[PDB]
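*Asks:* Structure supplied as coords-v2.tsv; contents: TSV, C-alpha atoms and all ligand atoms.
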chain	number	residue	atom	x	y	z
A	1	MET	CA	15.81	-11.71	-16.26
A	2	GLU	CA	19.58	-11.43	-15.73
A	3	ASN	CA	19.21	-11.76	-11.95
A	4	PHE	CA	18.00	-15.31	-12.46
A	5	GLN	CA	20.13	-18.13	-13.78
A	6	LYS	CA	17.69	-20.43	-15.57
A	7	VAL	CA	18.03	-24.05	-14.46
A	8	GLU	CA	15.47	-25.63	-16.79
A	9	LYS	CA	12.21	-24.90	-18.55
A	10	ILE	CA	9.44	-26.35	-16.40
A	11	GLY	CA	6.82	-25.99	-19.11
A	12	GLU	CA	4.31	-23.96	-21.10
A	13	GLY	CA	2.34	-22.74	-18.09
A	14	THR	CA	-1.28	-21.64	-18.37
A	15	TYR	CA	-0.33	-18.02	-19.06
A	16	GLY	CA	3.24	-18.45	-20.32
A	17	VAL	CA	6.66	-20.10	-20.10
A	18	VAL	CA	7.84	-21.37	-16.72
A	19	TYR	CA	11.45	-21.85	-15.69
A	20	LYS	CA	13.07	-23.28	-12.60
A	21	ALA	CA	15.51	-20.51	-11.75
A	22	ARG	CA	18.08	-19.57	-9.15
A	23	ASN	CA	18.51	-16.12	-7.67
A	24	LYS	CA	22.21	-15.35	-8.22
A	25	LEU	CA	22.13	-13.15	-5.12
A	26	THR	CA	20.19	-15.24	-2.59
A	27	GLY	CA	20.88	-18.60	-4.19
A	28	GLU	CA	17.15	-19.20	-3.75
A	29	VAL	CA	15.64	-21.67	-6.24
A	30	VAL	CA	12.27	-20.51	-7.55
A	31	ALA	CA	9.73	-21.02	-10.30
A	32	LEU	CA	9.65	-18.09	-12.71
A	33	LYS	CA	6.64	-17.65	-14.93
A	34	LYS	CA	6.81	-15.27	-17.89
A	35	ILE	CA	3.41	-13.86	-18.90
A	36	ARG	CA	2.39	-12.06	-22.11
A	41	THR	CA	-0.40	-7.87	-25.39
A	42	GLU	CA	-0.28	-4.06	-25.48
A	43	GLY	CA	1.87	-3.56	-22.39
A	44	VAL	CA	0.28	-5.89	-19.83
A	45	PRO	CA	-2.71	-4.38	-17.93
A	46	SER	CA	-1.99	-2.22	-14.88
A	47	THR	CA	-5.25	-3.44	-13.35
A	48	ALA	CA	-3.72	-6.90	-13.01
A	49	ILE	CA	-0.67	-5.39	-11.30
A	50	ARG	CA	-2.68	-4.14	-8.31
A	51	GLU	CA	-4.55	-7.45	-8.24
A	52	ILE	CA	-1.54	-9.75	-8.48
A	53	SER	CA	0.33	-7.64	-5.93
A	54	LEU	CA	-2.49	-8.30	-3.48
A	55	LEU	CA	-1.98	-12.06	-3.79
A	56	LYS	CA	1.53	-11.62	-2.43
A	57	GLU	CA	-0.01	-11.20	1.02
A	58	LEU	CA	-2.09	-14.37	0.60
A	59	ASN	CA	0.29	-16.54	2.63
A	60	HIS	CA	-0.69	-19.99	3.92
A	61	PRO	CA	1.18	-23.32	4.28
A	62	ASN	CA	-1.01	-24.91	1.63
A	63	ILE	CA	-0.72	-22.07	-0.84
A	64	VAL	CA	2.33	-21.76	-3.11
A	65	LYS	CA	3.89	-18.47	-2.04
A	66	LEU	CA	3.92	-15.72	-4.63
A	67	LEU	CA	7.30	-14.14	-3.90
A	68	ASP	CA	7.26	-11.31	-6.44
A	69	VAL	CA	5.42	-9.76	-9.35
A	70	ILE	CA	7.58	-7.99	-11.92
A	71	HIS	CA	6.12	-5.97	-14.77
A	72	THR	CA	8.74	-4.84	-17.25
A	73	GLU	CA	9.22	-4.37	-21.00
A	74	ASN	CA	5.83	-5.79	-22.02
A	75	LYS	CA	6.61	-8.87	-19.91
A	76	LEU	CA	5.04	-9.89	-16.60
A	77	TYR	CA	7.14	-12.10	-14.33
A	78	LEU	CA	5.72	-14.06	-11.42
A	79	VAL	CA	8.20	-15.51	-8.96
A	80	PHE	CA	6.94	-18.43	-6.91
A	81	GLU	CA	8.14	-20.67	-4.15
A	82	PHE	CA	9.49	-23.81	-5.87
A	83	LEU	CA	8.10	-27.33	-5.38
A	84	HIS	CA	9.50	-30.28	-7.29
A	85	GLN	CA	6.41	-32.10	-8.45
A	86	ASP	CA	2.74	-31.64	-9.20
A	87	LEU	CA	-0.13	-33.96	-8.32
A	88	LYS	CA	-0.76	-34.89	-11.94
A	89	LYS	CA	2.72	-36.42	-12.28
A	90	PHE	CA	2.35	-38.07	-8.89
A	91	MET	CA	-1.00	-39.60	-9.82
A	92	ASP	CA	0.44	-40.92	-13.07
A	93	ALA	CA	3.37	-42.37	-11.13
A	94	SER	CA	1.01	-43.98	-8.61
A	95	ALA	CA	-1.27	-45.28	-11.36
A	96	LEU	CA	-0.43	-48.97	-10.94
A	97	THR	CA	-0.72	-49.14	-7.18
A	98	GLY	CA	-2.83	-46.09	-6.45
A	99	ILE	CA	-2.24	-43.37	-3.88
A	100	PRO	CA	-2.84	-44.89	-0.43
A	101	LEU	CA	-6.10	-43.69	1.18
A	102	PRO	CA	-4.26	-42.10	4.11
A	103	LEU	CA	-2.30	-39.89	1.70
A	104	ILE	CA	-5.35	-39.11	-0.45
A	105	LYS	CA	-7.09	-38.03	2.75
A	106	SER	CA	-4.14	-35.93	3.93
A	107	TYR	CA	-3.91	-34.18	0.58
A	108	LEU	CA	-7.67	-33.54	0.42
A	109	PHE	CA	-7.64	-32.18	3.97
A	110	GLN	CA	-4.68	-29.90	3.26
A	111	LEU	CA	-6.26	-28.64	0.04
A	112	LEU	CA	-9.49	-27.87	1.89
A	113	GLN	CA	-7.48	-25.94	4.50
A	114	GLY	CA	-5.90	-23.94	1.71
A	115	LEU	CA	-9.24	-23.30	0.04
A	116	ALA	CA	-10.86	-22.39	3.37
A	117	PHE	CA	-8.10	-19.82	3.84
A	118	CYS	CA	-8.39	-18.29	0.35
A	119	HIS	CA	-12.16	-18.29	0.45
A	120	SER	CA	-12.25	-16.56	3.84
A	121	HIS	CA	-10.07	-13.87	2.23
A	122	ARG	CA	-12.39	-13.60	-0.77
A	123	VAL	CA	-9.94	-15.17	-3.20
A	124	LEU	CA	-11.12	-17.83	-5.65
A	125	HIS	CA	-8.82	-20.16	-7.52
A	126	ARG	CA	-11.21	-20.86	-10.45
A	127	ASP	CA	-8.98	-23.31	-12.28
A	128	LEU	CA	-8.02	-26.05	-9.87
A	129	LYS	CA	-6.57	-29.16	-11.49
A	130	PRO	CA	-3.92	-31.79	-10.59
A	131	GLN	CA	-1.26	-29.82	-12.43
A	132	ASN	CA	-1.88	-26.82	-10.18
A	133	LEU	CA	-1.43	-28.80	-6.97
A	134	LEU	CA	2.22	-29.05	-5.95
A	135	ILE	CA	3.73	-31.50	-3.52
A	136	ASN	CA	6.96	-31.97	-1.63
A	137	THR	CA	8.79	-34.69	0.25
A	138	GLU	CA	7.34	-33.62	3.61
A	139	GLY	CA	3.84	-34.75	2.67
A	140	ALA	CA	2.61	-31.22	2.01
A	141	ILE	CA	0.45	-30.27	-0.96
A	142	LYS	CA	-0.13	-26.68	-2.02
A	143	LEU	CA	-2.50	-24.79	-4.29
A	144	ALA	CA	-0.69	-23.02	-7.17
A	145	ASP	CA	-1.92	-20.08	-9.29
A	146	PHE	CA	-4.73	-19.05	-6.97
A	147	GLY	CA	-6.33	-15.68	-7.73
A	148	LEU	CA	-4.74	-15.34	-11.18
A	149	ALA	CA	-7.75	-16.15	-13.40
A	150	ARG	CA	-9.64	-13.15	-11.98
A	151	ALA	CA	-8.02	-10.44	-14.12
A	152	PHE	CA	-7.64	-12.82	-17.07
A	153	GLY	CA	-11.13	-13.79	-18.20
A	154	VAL	CA	-11.46	-17.52	-18.85
A	155	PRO	CA	-8.69	-19.87	-20.08
A	156	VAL	CA	-8.86	-21.47	-23.53
A	157	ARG	CA	-5.46	-21.78	-25.23
A	158	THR	CA	-2.03	-21.08	-23.73
A	159	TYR	CA	0.51	-19.18	-25.85
A	160	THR	CA	1.43	-22.51	-27.47
A	161	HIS	CA	-2.26	-22.87	-28.34
A	162	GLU	CA	-2.50	-25.84	-25.95
A	163	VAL	CA	-5.93	-27.27	-25.14
A	164	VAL	CA	-7.61	-25.90	-22.01
A	165	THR	CA	-8.64	-28.68	-19.63
A	166	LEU	CA	-12.33	-28.53	-18.76
A	167	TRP	CA	-12.35	-31.70	-16.69
A	168	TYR	CA	-12.55	-29.84	-13.41
A	169	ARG	CA	-14.92	-27.07	-14.40
A	170	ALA	CA	-18.05	-26.63	-12.25
A	171	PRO	CA	-21.41	-26.96	-14.04
A	172	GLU	CA	-22.42	-23.37	-13.35
A	173	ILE	CA	-19.38	-22.19	-15.33
A	174	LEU	CA	-20.26	-24.52	-18.21
A	175	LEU	CA	-23.83	-23.24	-18.11
A	176	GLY	CA	-22.57	-19.70	-18.62
A	177	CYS	CA	-22.83	-18.20	-15.17
A	178	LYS	CA	-21.21	-14.78	-15.13
A	179	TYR	CA	-20.36	-14.73	-11.44
A	180	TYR	CA	-18.26	-17.52	-9.98
A	181	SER	CA	-18.54	-18.32	-6.29
A	182	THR	CA	-16.21	-20.20	-3.97
A	183	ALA	CA	-18.29	-23.26	-4.86
A	184	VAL	CA	-16.46	-23.67	-8.17
A	185	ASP	CA	-13.29	-24.60	-6.31
A	186	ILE	CA	-15.06	-27.17	-4.16
A	187	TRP	CA	-16.41	-28.78	-7.34
A	188	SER	CA	-12.95	-28.94	-8.90
A	189	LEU	CA	-11.49	-30.39	-5.71
A	190	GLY	CA	-14.25	-33.01	-5.59
A	191	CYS	CA	-13.32	-34.03	-9.14
A	192	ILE	CA	-9.67	-34.30	-8.10
A	193	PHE	CA	-10.57	-36.31	-4.96
A	194	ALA	CA	-12.49	-38.78	-7.14
A	195	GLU	CA	-9.56	-39.03	-9.55
A	196	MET	CA	-7.06	-39.77	-6.78
A	197	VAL	CA	-9.36	-42.54	-5.56
A	198	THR	CA	-10.28	-44.20	-8.84
A	199	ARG	CA	-7.12	-43.31	-10.78
A	200	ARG	CA	-9.21	-42.09	-13.66
A	201	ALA	CA	-10.52	-38.60	-14.35
A	202	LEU	CA	-14.12	-38.32	-13.20
A	203	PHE	CA	-15.43	-36.21	-16.10
A	204	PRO	CA	-12.87	-36.13	-18.92
A	205	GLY	CA	-14.78	-33.96	-21.39
A	206	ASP	CA	-13.10	-32.96	-24.63
A	207	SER	CA	-15.43	-30.05	-25.42
A	208	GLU	CA	-17.61	-27.82	-23.26
A	209	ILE	CA	-20.76	-29.70	-24.18
A	210	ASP	CA	-19.09	-33.10	-23.79
A	211	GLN	CA	-17.89	-31.97	-20.35
A	212	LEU	CA	-21.38	-30.91	-19.41
A	213	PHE	CA	-23.00	-34.08	-20.72
A	214	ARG	CA	-20.44	-36.30	-18.96
A	215	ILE	CA	-21.43	-34.61	-15.72
A	216	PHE	CA	-25.11	-35.03	-16.58
A	217	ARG	CA	-24.66	-38.71	-17.47
A	218	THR	CA	-23.25	-39.43	-14.04
A	219	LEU	CA	-25.02	-37.05	-11.71
A	220	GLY	CA	-28.24	-36.82	-13.68
A	221	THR	CA	-29.42	-33.94	-15.84
A	222	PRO	CA	-30.11	-31.17	-13.34
A	223	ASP	CA	-33.58	-29.73	-12.95
A	224	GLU	CA	-35.35	-27.10	-10.89
A	225	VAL	CA	-35.82	-29.60	-8.05
A	226	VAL	CA	-32.13	-30.20	-7.34
A	227	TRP	CA	-30.88	-26.90	-8.80
A	228	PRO	CA	-33.36	-24.00	-8.50
A	229	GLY	CA	-32.71	-21.55	-11.32
A	230	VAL	CA	-30.75	-23.95	-13.52
A	231	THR	CA	-33.24	-23.75	-16.40
A	232	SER	CA	-32.66	-19.97	-16.56
A	233	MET	CA	-28.87	-20.16	-16.82
A	234	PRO	CA	-27.35	-18.45	-19.86
A	235	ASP	CA	-26.36	-21.59	-21.72
A	236	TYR	CA	-29.04	-23.92	-20.45
A	237	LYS	CA	-31.08	-25.49	-23.26
A	238	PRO	CA	-34.41	-27.27	-22.73
A	239	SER	CA	-33.14	-29.64	-25.39
A	240	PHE	CA	-30.49	-31.11	-23.08
A	241	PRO	CA	-31.03	-34.89	-22.90
A	242	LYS	CA	-32.43	-36.00	-19.56
A	243	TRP	CA	-30.19	-38.60	-17.94
A	244	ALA	CA	-31.05	-40.29	-14.67
A	245	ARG	CA	-28.57	-39.93	-11.83
A	246	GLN	CA	-26.29	-42.93	-11.54
A	247	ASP	CA	-26.07	-44.83	-8.28
A	248	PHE	CA	-23.22	-43.09	-6.46
A	249	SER	CA	-21.48	-46.30	-5.28
A	250	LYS	CA	-20.68	-46.83	-8.95
A	251	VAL	CA	-18.80	-43.51	-9.25
A	252	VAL	CA	-15.84	-43.89	-6.92
A	253	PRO	CA	-15.60	-47.51	-5.88
A	254	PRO	CA	-14.30	-48.75	-3.54
A	255	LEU	CA	-14.36	-45.51	-1.55
A	256	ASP	CA	-16.13	-45.89	1.83
A	257	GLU	CA	-19.38	-44.14	2.72
A	258	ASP	CA	-17.61	-41.35	4.64
A	259	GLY	CA	-15.67	-40.57	1.49
A	260	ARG	CA	-18.69	-41.00	-0.81
A	261	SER	CA	-20.76	-38.78	1.46
A	262	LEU	CA	-18.19	-35.97	1.37
A	263	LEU	CA	-17.72	-36.29	-2.36
A	264	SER	CA	-21.47	-36.15	-2.93
A	265	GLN	CA	-21.58	-32.87	-1.00
A	266	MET	CA	-18.67	-31.44	-2.98
A	267	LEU	CA	-20.47	-32.31	-6.21
A	268	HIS	CA	-23.96	-31.01	-5.46
A	269	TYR	CA	-25.26	-29.21	-8.56
A	270	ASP	CA	-26.61	-26.16	-6.73
A	271	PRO	CA	-23.56	-24.00	-5.87
A	272	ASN	CA	-25.48	-22.97	-2.77
A	273	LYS	CA	-25.96	-26.53	-1.58
A	274	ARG	CA	-22.34	-27.47	-2.34
A	275	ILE	CA	-20.34	-27.91	0.84
A	276	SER	CA	-17.92	-25.15	1.85
A	277	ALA	CA	-14.24	-25.86	2.43
A	278	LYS	CA	-14.68	-25.03	6.13
A	279	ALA	CA	-17.63	-27.38	6.50
A	280	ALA	CA	-15.88	-30.14	4.57
A	281	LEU	CA	-12.98	-30.00	7.03
A	282	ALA	CA	-15.42	-31.07	9.75
A	283	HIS	CA	-16.78	-34.01	7.75
A	284	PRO	CA	-16.45	-37.44	9.51
A	285	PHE	CA	-14.26	-38.57	6.62
A	286	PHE	CA	-11.41	-36.67	8.27
A	287	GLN	CA	-11.86	-38.18	11.72
A	288	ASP	CA	-8.73	-40.30	11.25
A	289	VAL	CA	-6.71	-37.97	9.02
A	290	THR	CA	-2.94	-38.09	9.35
A	291	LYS	CA	0.00	-36.71	7.39
A	292	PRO	CA	1.82	-39.58	5.64
A	293	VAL	CA	5.11	-39.23	3.77
A	294	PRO	CA	4.72	-39.71	0.01
A	295	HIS	CA	7.21	-41.74	-2.01
A	296	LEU	CA	8.68	-39.10	-4.30
A	297	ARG	CA	11.37	-39.93	-6.83
A	298	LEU	CA	12.80	-36.58	-7.92
B	1	LIG	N1	5.90	-23.22	-8.12
B	1	LIG	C1	6.44	-24.23	-8.85
B	1	LIG	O1	7.36	-24.89	-8.39
B	1	LIG	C2	5.97	-24.50	-10.11
B	1	LIG	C3	5.39	-23.42	-10.87
B	1	LIG	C4	4.89	-23.63	-12.19
B	1	LIG	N2	4.37	-22.62	-12.83
B	1	LIG	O2	4.32	-21.43	-12.28
B	1	LIG	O3	3.87	-22.73	-14.04
B	1	LIG	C5	4.98	-24.95	-12.75
B	1	LIG	CL1	4.46	-25.34	-14.32
B	1	LIG	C6	5.54	-26.01	-12.00
B	1	LIG	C7	6.03	-25.81	-10.69
B	1	LIG	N3	6.55	-26.81	-10.01
B	1	LIG	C8	6.28	-28.25	-10.30
B	1	LIG	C9	7.28	-28.78	-11.29
B	1	LIG	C10	8.66	-28.71	-11.10
B	1	LIG	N4	9.58	-29.18	-12.00
B	1	LIG	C11	9.07	-29.73	-13.14
B	1	LIG	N5	9.89	-30.17	-14.00
B	1	LIG	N6	7.74	-29.84	-13.43
B	1	LIG	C12	6.88	-29.36	-12.50
Would you kindly transcribe this structure into structure tokens?
Ligand SMILES: NC(=O)c1cc([N+](=O)[O-])c(Cl)cc1NCc1cnc(N)nc1
*Replies:*
Amino acid sequence: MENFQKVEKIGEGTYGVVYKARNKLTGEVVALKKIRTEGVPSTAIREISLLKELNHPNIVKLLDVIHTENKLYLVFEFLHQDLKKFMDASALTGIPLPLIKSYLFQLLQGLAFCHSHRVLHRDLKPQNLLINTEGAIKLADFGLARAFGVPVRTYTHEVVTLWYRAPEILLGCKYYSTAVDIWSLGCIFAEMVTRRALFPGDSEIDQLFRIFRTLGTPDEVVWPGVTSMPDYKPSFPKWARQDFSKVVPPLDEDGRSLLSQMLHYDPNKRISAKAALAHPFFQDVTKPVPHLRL
């Protein structure tokens, strides 16, 4: 509003426009997201407001929710860069394993926290993971997708990224579980390691088939109930599971083991954030300093 001097437009955020802004009073620099509409639901107000108490070091703090004049403003703690930009910037050399491990570990701590408080992210992707110079990484936009159905096209009709969507969502499941976030994080882990998106689908069916081509078309053996899912079709081609060592080379077996558990088809077999934190892969985790050029 007028209490915020806009510094620059960060982008066309998932729900709306995002600006880097400074509070004229406090001098605090924040990210301000403007969200779209018949007056903006009041149901979302109670919901969003609840997320203000969801405070954790690996969760971008939601400082304030402001509903006014058919506009909804979300004020967030500001971080200078997202993981997508960082991965692009580290494309030639790759993110060092120690840093990949630190980020994965921190993200799992953040998910463990949200999940223990019954909050799901639902739309984890590199762009929603913010990083700073201290080596921290934080989850952004956590429980927002709840009172906002399912993404598809931002106000600028931008294409919704399905690359990190769990198979149960693609198969039409009506109830998401914490497992969807573990799946997305597994996809991100793989991408940090290989420097290439794991399943870059360009349509819902292409996304699903890319997953099937790599992990094998799921069946009742590995995923009880899958053939009864809303969008499951007996006509799906049946692809054999690819040898896992081919998926994220040259990741070591500790890493491959954890990733395999984060990508199990059955949401109920998929590892929890809490359990993943105890995986041997993190035995030598540390907190390196990233090379950020702001
Ligand atoms: N909380 C935040 O700091 C933040 C929030 C949103 N958002 O609520 O939509 C977005 Cl896009 C980006 C953010 N920061 C990363 C960033 C900073 N600067 C520039 N130029 N690009 C990215």
*Asks:* Using all atoms listed in the file, can you tell me which of A:53, A:14, A:158, A:290 comes closest to residue 33 in chain A?
*Replies:*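 Nearest candidate to residue 33 in chain A out of A:53, A:14, A:158, A:290: A:14.
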*Asks:* Residues within 8 Å of ligand LIG 1 (chain B) should be enumerated using all atoms listed in the file and returned as a ChimeraX atom specification.
*Replies:* /A:8-14,16-20,30-33,64-65,78-86,131-132,134-135,144-145
*Asks:* Rank A:213, A:193, A:227, A:236 by their smallest atom-to-atom distance to residue 105 in chain A, using only C-alpha atoms, and report the top residue only.
*Replies:*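 Of A:213, A:193, A:227, A:236, the one nearest residue 105 in chain A, counting only C-alpha atoms, is A:193.
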*Asks:* Could you name the residues that touch residue 223 in chain A at 12 Å or less, counting only C-alpha atoms, but leaving out those on the same chain fewer than 2 positions away, as a list in words?
*Replies:*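 What passes the distance filter is residues 216, 219, 220, 221, 225, 226, 227, 228, 229, 230, 231, 232, 233, 236, 237, 238, 240, 241, 242, 243, 244, 245, 269 and 270 of chain A.
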*Asks:* For C-alpha atoms, I'd like the residues from the last selection saved as a PDB file, in the frame of the given file.
*Replies:*
ATOM      1  CA  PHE A 216     -25.110 -35.030 -16.580  1.00  0.00           C
ATOM      2  CA  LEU A 219     -25.020 -37.050 -11.710  1.00  0.00           C
ATOM      3  CA  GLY A 220     -28.240 -36.820 -13.680  1.00  0.00           C
ATOM      4  CA  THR A 221     -29.420 -33.940 -15.840  1.00  0.00           C
ATOM      5  CA  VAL A 225     -35.820 -29.600  -8.050  1.00  0.00           C
ATOM      6  CA  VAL A 226     -32.130 -30.200  -7.340  1.00  0.00           C
ATOM      7  CA  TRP A 227     -30.880 -26.900  -8.800  1.00  0.00           C
ATOM      8  CA  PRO A 228     -33.360 -24.000  -8.500  1.00  0.00           C
ATOM      9  CA  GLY A 229     -32.710 -21.550 -11.320  1.00  0.00           C
ATOM     10  CA  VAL A 230     -30.750 -23.950 -13.520  1.00  0.00           C
ATOM     11  CA  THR A 231     -33.240 -23.750 -16.400  1.00  0.00           C
ATOM     12  CA  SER A 232     -32.660 -19.970 -16.560  1.00  0.00           C
ATOM     13  CA  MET A 233     -28.870 -20.160 -16.820  1.00  0.00           C
ATOM     14  CA  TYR A 236     -29.040 -23.920 -20.450  1.00  0.00           C
ATOM     15  CA  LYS A 237     -31.080 -25.490 -23.260  1.00  0.00           C
ATOM     16  CA  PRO A 238     -34.410 -27.270 -22.730  1.00  0.00           C
ATOM     17  CA  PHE A 240     -30.490 -31.110 -23.080  1.00  0.00           C
ATOM     18  CA  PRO A 241     -31.030 -34.890 -22.900  1.00  0.00           C
ATOM     19  CA  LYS A 242     -32.430 -36.000 -19.560  1.00  0.00           C
ATOM     20  CA  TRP A 243     -30.190 -38.600 -17.940  1.00  0.00           C
ATOM     21  CA  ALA A 244     -31.050 -40.290 -14.670  1.00  0.00           C
ATOM     22  CA  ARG A 245     -28.570 -39.930 -11.830  1.00  0.00           C
ATOM     23  CA  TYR A 269     -25.260 -29.210  -8.560  1.00  0.00           C
ATOM     24  CA  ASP A 270     -26.610 -26.160  -6.730  1.00  0.00           C
TER      25      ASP A 270
END
*Asks:* Between A:7, A:148, A:58, A:44, which residue has the minimum interatomic distance to residue 119 in chain A, considering all atoms listed in the file?
*Replies:*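 The shortest atom-to-atom distance to residue 119 in chain A comes from A:58.
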*Asks:* Identify the residues around (-9.1, -38.1, -11.0) within a radius of 10 Å, measuring from all atoms listed in the file in the coordinates stated by the file, and give them as an MDAnalysis selection string.
*Replies:* chainID A and resid 88 91 129:130 167:168 189:204 252
*Asks:* What is the distance, in Å and to one decimal place, between CA of residue 4 in chain A and CA of residue 29 in chain A?
*Replies:*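 Going from CA of residue 4 in chain A over to CA of residue 29 in chain A covers 9.2 Å.
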*Asks:* Skipping near chain neighbours, those fewer than 4 positions away, what residues fall within 9 Å of residue 277 in chain A using only C-alpha atoms, listed as a list in words?
*Replies:*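 Listed by chain and then number, they are residues 111, 112, 113, 114, 115, 116, 117, 119, 182, 183, 185, 186, 266 and 281 of chain A.
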*Asks:* Write out as a PyMOL selection string each polymer residue whose atoms come within 9 Å of residue 259 in chain A, counting all atoms listed in the file; drop sequence neighbours fewer than 6 positions from it.
*Replies:* chain A and resi 284-286
*Asks:* For range 91-103 of chain A in the structure I just supplied, write out N, CA, C and O atoms - as a PDB file, in the first residue's frame.
*Replies:*
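File part-v2.pdb, as written:
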ATOM      1  N   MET A  91      20.404 -22.941  -8.703  1.00  0.00           N
ATOM      2  CA  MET A  91      20.743 -24.131  -9.474  1.00  0.00           C
ATOM      3  C   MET A  91      21.167 -23.772 -10.887  1.00  0.00           C
ATOM      4  O   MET A  91      22.064 -24.399 -11.448  1.00  0.00           O
ATOM      5  N   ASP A  92      20.520 -22.770 -11.469  1.00  0.00           N
ATOM      6  CA  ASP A  92      20.887 -22.349 -12.820  1.00  0.00           C
ATOM      7  C   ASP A  92      22.301 -21.789 -12.801  1.00  0.00           C
ATOM      8  O   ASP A  92      23.102 -22.059 -13.699  1.00  0.00           O
ATOM      9  N   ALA A  93      22.595 -21.006 -11.770  1.00  0.00           N
ATOM     10  CA  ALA A  93      23.902 -20.381 -11.595  1.00  0.00           C
ATOM     11  C   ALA A  93      25.007 -21.389 -11.289  1.00  0.00           C
ATOM     12  O   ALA A  93      26.184 -21.120 -11.532  1.00  0.00           O
ATOM     13  N   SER A  94      24.631 -22.538 -10.738  1.00  0.00           N
ATOM     14  CA  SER A  94      25.599 -23.577 -10.396  1.00  0.00           C
ATOM     15  C   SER A  94      25.547 -24.692 -11.437  1.00  0.00           C
ATOM     16  O   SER A  94      26.078 -25.776 -11.217  1.00  0.00           O
ATOM     17  N   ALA A  95      24.891 -24.425 -12.559  1.00  0.00           N
ATOM     18  CA  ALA A  95      24.731 -25.418 -13.616  1.00  0.00           C
ATOM     19  C   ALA A  95      26.026 -26.013 -14.169  1.00  0.00           C
ATOM     20  O   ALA A  95      26.115 -27.226 -14.371  1.00  0.00           O
ATOM     21  N   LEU A  96      27.017 -25.164 -14.416  1.00  0.00           N
ATOM     22  CA  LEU A  96      28.279 -25.621 -14.985  1.00  0.00           C
ATOM     23  C   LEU A  96      29.144 -26.457 -14.061  1.00  0.00           C
ATOM     24  O   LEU A  96      29.782 -27.419 -14.489  1.00  0.00           O
ATOM     25  N   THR A  97      29.163 -26.096 -12.790  1.00  0.00           N
ATOM     26  CA  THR A  97      29.985 -26.799 -11.822  1.00  0.00           C
ATOM     27  C   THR A  97      29.197 -27.716 -10.904  1.00  0.00           C
ATOM     28  O   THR A  97      29.750 -28.663 -10.338  1.00  0.00           O
ATOM     29  N   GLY A  98      27.911 -27.422 -10.752  1.00  0.00           N
ATOM     30  CA  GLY A  98      27.066 -28.214  -9.883  1.00  0.00           C
ATOM     31  C   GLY A  98      27.167 -27.733  -8.442  1.00  0.00           C
ATOM     32  O   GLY A  98      28.173 -27.137  -8.039  1.00  0.00           O
ATOM     33  N   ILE A  99      26.118 -27.964  -7.670  1.00  0.00           N
ATOM     34  CA  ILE A  99      26.112 -27.579  -6.263  1.00  0.00           C
ATOM     35  C   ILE A  99      26.925 -28.658  -5.563  1.00  0.00           C
ATOM     36  O   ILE A  99      26.670 -29.839  -5.764  1.00  0.00           O
ATOM     37  N   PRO A 100      27.920 -28.274  -4.743  1.00  0.00           N
ATOM     38  CA  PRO A 100      28.707 -29.312  -4.065  1.00  0.00           C
ATOM     39  C   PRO A 100      27.834 -30.210  -3.192  1.00  0.00           C
ATOM     40  O   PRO A 100      26.881 -29.733  -2.585  1.00  0.00           O
ATOM     41  N   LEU A 101      28.152 -31.507  -3.144  1.00  0.00           N
ATOM     42  CA  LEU A 101      27.356 -32.455  -2.360  1.00  0.00           C
ATOM     43  C   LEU A 101      27.106 -32.000  -0.926  1.00  0.00           C
ATOM     44  O   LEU A 101      25.998 -32.138  -0.405  1.00  0.00           O
ATOM     45  N   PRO A 102      28.130 -31.445  -0.264  1.00  0.00           N
ATOM     46  CA  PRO A 102      27.903 -31.004   1.116  1.00  0.00           C
ATOM     47  C   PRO A 102      26.769 -29.994   1.248  1.00  0.00           C
ATOM     48  O   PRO A 102      26.019 -30.028   2.222  1.00  0.00           O
ATOM     49  N   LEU A 103      26.659 -29.099   0.269  1.00  0.00           N
ATOM     50  CA  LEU A 103      25.625 -28.069   0.274  1.00  0.00           C
ATOM     51  C   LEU A 103      24.274 -28.660  -0.128  1.00  0.00           C
ATOM     52  O   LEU A 103      23.244 -28.274   0.403  1.00  0.00           O
TER      53      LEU A 103
END
